[PDB]
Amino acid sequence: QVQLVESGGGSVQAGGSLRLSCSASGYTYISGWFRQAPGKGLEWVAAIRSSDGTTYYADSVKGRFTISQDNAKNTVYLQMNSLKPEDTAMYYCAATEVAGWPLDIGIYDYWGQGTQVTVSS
């Protein structure tokens, strides 16, 4: 089917920046990013509809992170600016084939391997 490969994670100081990449091996309709703390649940962070380019953000990251897509590279990104210690978590990108609400985790059928983002005080 469709494989999603992530890269770009890292460990930074508060206020730092990172740019996560999610490269797909096949066609994707909606792409999104989720975060997860050790032993806790998956939380929606952002999404983008590849057809019209509409973007969606969680309140906690609005104004700090930017989700985008380079169709020529069939890759989706999460540009993380102004990182805060509270952003520390493992980040996962995911993709859907079916149409639906970009904020609904249930429509995401493909998932990346995850990448760690650590922000110190």
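Numbering starts at 1 and runs along the sequence shown.
- For the two regions 85-93 and 56-64, the entry's Cα B-factors average higher over 56-64.
- Per-stretch averaging of Cα B factors for 29-37 and 66-74 places 66-74 on top.
- Ranked by C-alpha B-factor against the other modelled residues of its chain, residue 102 falls in the middle third.
- When all modelled residues of the chain are sorted by CA temperature factor, residue 113 is found within the middle third.
- For residue 13, the recorded CA B-factor ranks within the highest third of the chain. Only modelled residues enter the ranking.
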